[PDB]
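Side chains included, hydrogens not; waters and symmetry mates left out as well; all remaining heavy atoms used. Just so you know, ligand 1 is whichever comes first in the structure, and atom 1 is the first atom listed for that ligand. Residue numbers start from 1 in every chain, and the chains themselves are labelled A, B, ... in the order their sequence lines are given, proteins ahead of strands.
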Amino acid sequence: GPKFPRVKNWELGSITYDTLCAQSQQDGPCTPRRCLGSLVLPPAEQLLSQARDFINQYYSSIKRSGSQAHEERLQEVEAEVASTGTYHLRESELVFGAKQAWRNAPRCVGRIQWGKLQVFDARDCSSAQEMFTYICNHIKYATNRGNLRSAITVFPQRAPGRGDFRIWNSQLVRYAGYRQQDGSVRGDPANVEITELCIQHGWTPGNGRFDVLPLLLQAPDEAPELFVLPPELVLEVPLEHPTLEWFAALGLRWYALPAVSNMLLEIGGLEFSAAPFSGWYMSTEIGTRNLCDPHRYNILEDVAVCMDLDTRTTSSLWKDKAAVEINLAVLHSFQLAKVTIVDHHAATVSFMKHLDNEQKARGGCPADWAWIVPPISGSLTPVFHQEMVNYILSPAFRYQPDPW
Amino acid sequence: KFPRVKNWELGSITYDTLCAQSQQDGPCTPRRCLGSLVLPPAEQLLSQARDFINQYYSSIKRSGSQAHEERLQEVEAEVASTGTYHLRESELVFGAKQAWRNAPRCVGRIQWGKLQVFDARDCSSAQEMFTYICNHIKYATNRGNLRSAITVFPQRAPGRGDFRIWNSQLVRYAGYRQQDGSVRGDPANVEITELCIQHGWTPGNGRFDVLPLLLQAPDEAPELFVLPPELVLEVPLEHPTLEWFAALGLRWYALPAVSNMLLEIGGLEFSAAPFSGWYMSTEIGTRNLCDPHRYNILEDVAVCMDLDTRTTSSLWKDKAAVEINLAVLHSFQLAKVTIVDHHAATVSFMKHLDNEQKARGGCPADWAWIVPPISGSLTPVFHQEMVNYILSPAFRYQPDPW
Ligand code: HEM
Ligand code: HEM
Ligand SMILES: N=C(Nc1cccc(COC[C@@H]2C[C@H](OCc3cccc(NC(=N)c4cccs4)c3)CN2)c1)c1cccs1
Ligand SMILES: N=C(Nc1cccc(COC[C@@H]2C[C@H](OCc3cccc(NC(=N)c4cccs4)c3)CN2)c1)c1cccs1
Ligand SMILES: C[C@H](O)[C@H](O)[C@H]1CNc2nc(N)[nH]c(=O)c2N1
Ligand SMILES: C[C@H](O)[C@H](O)[C@H]1CNc2nc(N)[nH]c(=O)c2N1
Ligand SMILES: [Zn+2]
């Protein structure tokens with residue numbers, strides 16, 4: 001056979017070989033001695049080679065590879081790096097790179113959508129106040145009264161000696177998590193640290209389970225500033241169940257727009273430290289992880305009690321039955337509100353289509369099996385039966401250290 | 001750098017130092033992770049041998065003793081003269097427990113110290129393999145009070161064929177490929193079914209026909225042996241509250257006994273060494289019954305439950321799966337046959353991880369295999385980082401003998 005990873009689908013019996021992994025310039029956490037794939041978190045001349053590589057990728061995607069426009073852009077990029085130490089992307093290069101970073105994200109099941117991304121160019125932004133305006137506009141555009149649209153807003157790149165643009169919040173929409181006297185948490189335990197930072201920076205805290213946090217925005221070399229989102233901008237969905245009439249009484253809800261704001265977008269060696277992006281939810285993110293993780297809202301026991309299940313024994317499958325109904329409530333409620341959402345069956349089926357598309361387009365697709373397989377009903381989805389090869393390609397979305 | 005290992009639910013951290021003991025390369029490199037893939041001289045043997053003998057004497061706290069030193073010399077003298085050696089029965093017993101302990105895909109390892117080892121190395125014919133297999137089954141089944149066991153047949157030797165059990169499990173349901181595309185019975189067993197027929201077996205035509213065994217002594221055609229129906233305990237499937245469920249005519253066997261893996265101890269290889277324990281309910285309820293390329297019963301069950309089958313977003317698949325798993329658990333409990341649910345199993349695996357941390361400084365585990373196939377993040381193992389690596393003694397895959 002070919003000298004490339006052989007990838008098998010065990011449901012269908014089909015085989016492919018990944019040749020794209022050959023284009024990986026960056027090491028992962030694994031070695032011949034041990035596999036670390038389950039771990040969550042495992043320049044000068046350097047810039048120029050990353051830049052040359054990215055420009056070659058751009059010129060391939062417009063089919064002008066080896067041409068005069070291609071050779072002039074390279075010379076232009078090295079001249080700029082030569083005199084300034086950095087360089088700058090053309091508008092169309094940024095748009096290409098941002099889509100390629102999404103397309104490249106091994107943990108993302110939503111990649112069938114990768115070609116459809118609204119790129120807002122905010123590289124002119126010069127204050128925390130203006131970042132706020134740009135973010136409001138992003139939310140308005142992306143939310144679109146419930147018919148959600150993928151979008152990314154790109155703020156100025158990191159630059160020699162000058163401080164970064166940073167959004168401190170991990171998402172544009174987050175519920176407060178208030179540490180209680182009895183050591184427990186009201187609201188979202190995930191958000192305890194950012195909540196306390198918000199208070200330290202002068203926010204007057206509420207005391208509910210679903211208080212929307214303000215934003216902490218940091219323009220270069222300045223302390224962050226606090227901004228409250230106008231509530232009419234933040235679309236939320238009250239949760240009800242289609243047949244269990246009491247589920248509405250629980251007063252649970254979730255926000256419509258997942259908008260990740262703490263990741264670094266790297267393109268051609270350029271680092272965009274503030275570049276929030278949004279799409280729509282897969283229903284298990286809300287119904288399984290957010291609401292049922294023991295370290296999150298942890299509502300499984302409450303719902304099972306309402307359903308009159310035997311919570312005293314594992315073999316009743318009370319957890320499984322409750323999680324299913326919570327997921328159904330999420331789907332039903334979003335549908336009723338006409339807010340875009342995708343169930344884990346439709347998402348994974350679309351992802352199998354994406355795999356095939358990318359096999360033909362590029363000879364493979366980097367994918368992180370543990371993240372792609374949904375957290376309920378894994379083997380009921382077609383991705384469970386699909387082998388996957390994980391590797392890092394650039395442009396990339398990367399984790400970056402918290403700014404405090 | 002040793003790997004840092006984090007539990008994301010509890011915020012706790014360990015460091016795996018056991019992986020430094022690994023001698024065998026896995027599928028991954030720095031360029032790319034292949035973790036989700038299902039399939040992969042005399043001084044070489046001598047150093048795996050000594051290393052294993054060192055493991056054994058250290059296990060009995062007798063390291064460096066006269067017994068230890070003279071055993072190293074026996075092994076050495078035997079390899080030098082013959083190019084191979086033989087294990088003492090107590091070493092074999094220790095090696096087989098260690099192979100199980102070391103299996104990264106096994107969620108049931110809290111049990112690893114409790115294994116009945118049948119030494120069948122004095123086996124010289126497929127007939128004799130049959131008798132040993134019958135006694136294993138009878139012992140392991142124990143009227144539903146299942147007991148883990150391994151029977152070890154003679155090791156591979158340079159100048160001859162292997163002893164092999166052709167079937168992948170001791171109990172397997174037939175799969176009959178229909179002229180019109182489909183399979184009757186278990187589609188995973190189409191090929192072994194056809195092999196049995198071709199070796200003279202008279203086939204049935206139901207969905208749950210227990211296959212005969214194809215047993216092979218070195219360099220001989222395999223022979224066919226029908227298991228006595230009374231030896232194969234089976235559990236009819238019914239549901240605690242859904243009465244139409246029993247009408248599905250579904251059933252599974254009590255005893256999961258794997259018979260196609262190679263057991264490697266101290267550089268010696270045992271090509272026939274079937275082993276058995278008990279089922280985790282999701283193996284039957286989720287995989288064997290609901291995989292699309294297995295019995296694929298989700299639609300039938302959803303229709304019986306009157307669910308909306310036209311749309312993914314009714315979560316009909318998730319609902320039928322749950323009830324099927326419940327049926328399995330309820331039916332085994334009612335038949336008084338040992339079974340473990342995925343919540344209990346994964347809780348005990350967390351305890352195992354902690355035991356192994358204290359005892360050995362790590363534990364090789366394969367996350368994709370440890371996390372159950374329904375309700376993943378509802379179990380504690382989902383939130384647990386894991387480090388996968390090959391320790392020896394080991395169970396390995398081997399080529400099919402046909
Ligand atoms: C269009 C609808 C989309 C769906 C349904 C979706 C689905 C998901 C899901 C479920 C995750 C895992 C999240 C978690 O477990 O916390 C994920 C990861 C990710 N997605 Fe998407 N995605 C979508 C669009 C996007 C867009 C527009 C981008 C960026 C342009 C994006 C980039 C990412 C990245 C970078 C990750 C990985 C985050 C990490 O490693 O922590 N996706 N996607
Ligand atoms: C005592 C009760 C036991 C339980 C509940 C249990 C549970 C499991 C489960 C659920 C799997 C995954 C199986 C699959 O998806 O097909 C597995 C894998 C495995 N277990 Fe166990 N186990 C038990 C005892 C044993 C014993 C006695 C041995 C051998 C002595 C063993 C060795 C293995 C091996 C080698 C694998 C991996 C097979 C492969 O890689 O294909 N386990 N265990
Ligand atoms: N449907 C969606 N879901 C979605 C998609 C992506 C991400 C998320 C939520 O994020 C998942 C969480 C978010 C979380 O990452 C955030 C995080 C927290 C704390 C520290 C760091 N940084 C570091 N680890 C470092 C320290 C030093 C060097 S690096 C990163 C991991 N896991 C949801 C969409 C969002 C946007 C478009 S689709
Ligand atoms: N509860 C249990 N379940 C259990 C435990 C272990 C295994 C199983 C079922 O087996 C898992 C199946 C078994 C199967 O692996 C065996 C396999 C499949 C395909 C090919 C090859 N071999 C090759 N291609 C090679 C060519 C050259 C070198 S190799 C091997 C995957 N998936 C059930 C227990 C059984 C015994 C004690 S507990
Ligand atoms: C330990 C493990 O890597 C971790 O819990 C992962 C598993 N798979 C996941 N998959 C997704 N989509 N999101 C996650 O946060 C996680 N968590
Ligand atoms: C492609 C993927 O690795 C494959 O479907 C694996 C996933 N996890 C599994 N886990 C167990 N326990 N058994 C299996 O057969 C599998 N199959
Ligand atoms: Zn790996």
Enquirer: Verify whether one side chain among A:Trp168 and A:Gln218 offers a donor that lies under 3.5 Å from an acceptor in the other.
Expert: yes
Enquirer: If you have a sec, work out which protein heavy atom is nearest atom 12 (N) of ligand 6 and how many Å separate them, to one decimal?
Expert: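 Minimum-distance protein heavy atom for atom 12 (N) of ligand 6 reads B:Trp369 O, 3.1 Å.
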Enquirer: Any N or O on B:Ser36 sitting closer than 3.5 Å to an N or O of ligand 6?
Expert: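 Looking only at distances, the answer is yes, because the N/O contact criterion of under 3.5 Å is met.
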Enquirer: State whether a side-chain donor-acceptor pair under 3.5 Å links A:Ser278 with A:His138.
Expert: yes
Enquirer: So which protein heavy atom does atom 8 (N) of ligand 6 come closest to, and at what separation?
Expert: B:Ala368 O, 3.0 Å
Enquirer: Looking only at protein heavy atoms, which one is nearest to atom 14 (C) of ligand 4, and what is the separation?
Expert: B:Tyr397 OH, 4.4 Å
Enquirer: Just to confirm my output: which protein heavy-atom neighbour is closest to atom 33 (C) of ligand 3, and how far is it?
Expert: A:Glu285 OE1, 3.6 Å
Enquirer: Just how far is it from atom SG of A:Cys35 to atom CE of B:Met386, taken to the nearest 0.5 Å?
Expert: 12.0 Å
Enquirer: Would A:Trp371 count as a polar contact of ligand 3, with the cut-off being nitrogen or oxygen pairs under 3.5 Å?
Expert: no
Enquirer: Any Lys/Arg nitrogen of B:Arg156 or B:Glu269 sitting under 4.0 Å from an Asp/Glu carboxylate oxygen of the other?
Expert: yes
Enquirer: Within the supplied structure, the quantity of interest is the number of heavy atoms (other residues, nucleotides, ligands) at a distance under 6.0 Å from B:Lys114 NZ; does it exceed 12?
Expert: no
Enquirer: Which of these, B:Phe153, B:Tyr139, B:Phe275, sits in a ring pair (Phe, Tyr, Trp, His ring centres under 6.0 Å) with B:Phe118?
Expert: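 Of B:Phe153, B:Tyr139, B:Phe275, ring pair (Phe, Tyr, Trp, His ring centres under 6.0 Å) with B:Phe118 is met by B:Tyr139 alone.
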Enquirer: Give the residue and atom name of whichever protein heavy atom lies nearest to atom 19 (C) of ligand 3, and the separation in Å to one decimal.
Expert: A:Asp402 OD2, 3.7 Å
Enquirer: Does B:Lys6 count as lying over the ring of B:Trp8, i.e. NZ or CZ under 6.0 Å from the six-ring centre, within 45 degrees of the axis?
Expert: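 Yes.
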Enquirer: Tell me: protein heavy atom nearest atom 30 (C) of ligand 3, and distance?
Expert: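 Answer, as residue, atom name and distance: A:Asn262 OD1, 4.0 Å.
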Enquirer: Would you say A:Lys8 contacts ligand 6, with heavy atoms under 4.0 Å as the rule?
Expert: no
Enquirer: Distance only, no hydrogens: is a donor on one side chain within 3.5 Å (strictly under) of an acceptor on the other, for B:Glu385 and B:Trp367?
Expert: no
Enquirer: Taking A:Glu266 first and then A:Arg398, would you say they form a salt bridge - that is, a charged N and a carboxylate O separated by under 4.0 Å?
Expert: yes
Enquirer: With a heavy-atom distance limit of 4.0 Å, tell me whether B:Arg105 approaches ligand 6 through its side chain, its backbone, both, or neither.
Expert: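 For B:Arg105, there is no contact with ligand 6 at all, from either part.
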Enquirer: At what distance is the nearest protein heavy atom to atom 18 (C) of ligand 4, and which residue and atom is it?
Expert: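 The closest heavy atom on the protein side is B:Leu39 CD2, 3.8 Å.
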Enquirer: Side chains of A:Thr284 and A:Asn327: any donor to acceptor distance under 3.5 Å?
Expert: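 Side chains of A:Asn327 and A:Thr284: no pair found under 3.5 Å.
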Enquirer: Which of the numbered atoms in ligand 3 are under 4.0 angstrom from any heavy atom belonging to A:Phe277?
Expert: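 Those atoms are 36 (C), 37 (C).
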Enquirer: With a cut-off of 4.0 Å, which atoms of ligand 6 are near a heavy atom of A:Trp369?
Expert: 1 (C), 2 (C), 7 (C)
Enquirer: Is there a side-chain hydrogen bond (donor to acceptor under 3.5 Å, both in side chains) between A:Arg174 and A:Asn169 once you walk through the steps?
Expert: CA-CA 8 Å; A:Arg174 296 270 72 195; A:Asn169 313 52; over 6 Å; no
Enquirer: Between A:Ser278 and ligand 3, find which residue part has any heavy-atom pair under 4.0 Å and reply side chain, backbone, both or neither.
Expert: backbone
Enquirer: Taking distance alone, with N or O pairs closer than 3.5 Å, would you say A:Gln400 contacts ligand 3?
Expert: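 Looking only at distances, the answer is yes, because the N/O contact criterion of under 3.5 Å is met.
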Enquirer: Quick one: look up the protein heavy atom nearest atom 37 (C) of ligand 3 and list residue, atom name and how far away it is.
Expert: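 In this structure, atom 37 (C) of ligand 3 has A:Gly279 N, 3.1 Å as its nearest protein heavy atom.
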Enquirer: I'd like to check which ligand 3 atoms, numbered from 1 as shown, lie under 4.0 Å from a non-hydrogen atom of A:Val260.
Expert: 6 (C), 7 (C), 8 (C), 35 (C), 36 (C)
Enquirer: Minimum distance, heavy atoms only, to atom 35 (C) of ligand 4: which one of B:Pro256, B:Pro399, B:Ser281 is it?
Expert: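 Among B:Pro256, B:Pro399, B:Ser281, the closest heavy atom to atom 35 (C) of ligand 4 comes from B:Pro256.
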Enquirer: Below 30° counts as parallel, above 60° as perpendicular, anything between as tilted: where do the rings of A:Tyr297 and A:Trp254 land?
Expert: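 Rings of A:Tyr297 and A:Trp254: perpendicular, over 60°.
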Enquirer: Ligand 3 and A:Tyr281, any nitrogen or oxygen pair closer than 3.5 angstrom?
Expert: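 The answer is no, given that A:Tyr281 and ligand 3 share no N or O pair closer than 3.5 Å.
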Enquirer: Consider every N or O of A:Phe384 and every N or O of ligand 6, then say whether any pair is closer than 3.5 Å.
Expert: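 Yes, at least one N or O pair falls under 3.5 Å.
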Enquirer: Would the number of heavy atoms belonging to other residues, nucleotides or ligands and lying under 6.0 Å from CZ of A:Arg6 be above 12?
Expert: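 Atom CZ in A:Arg6 is not crowded, with 12 or fewer foreign heavy atoms closer than 6.0 Å.
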Enquirer: Look at atom 14 (C) of ligand 6 and say which protein heavy atom is nearest, naming residue and atom and giving the distance to 0.1 Å.
Expert: B:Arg287 NH1, 3.2 Å
Enquirer: Is it possible for you to check whether B:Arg109 lies under 6.0 Å from the centre of the six-membered ring of B:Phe349, through NZ or CZ, and within 45° of that ring's axis?
Expert: no
Enquirer: Classify the contact between A:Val40 and ligand 3 as side chain, backbone, both or neither, using a heavy-atom distance cut-off of under 4.0 Å.
Expert: neither
Enquirer: Would you verify that at least one protein heavy atom lies under 4.0 Å from atom 2 (C) of ligand 3, or report that none does?
Expert: yes
Enquirer: Short check: is a protein heavy atom less than 4.0 Å from atom 10 (O) of ligand 3?
Expert: no
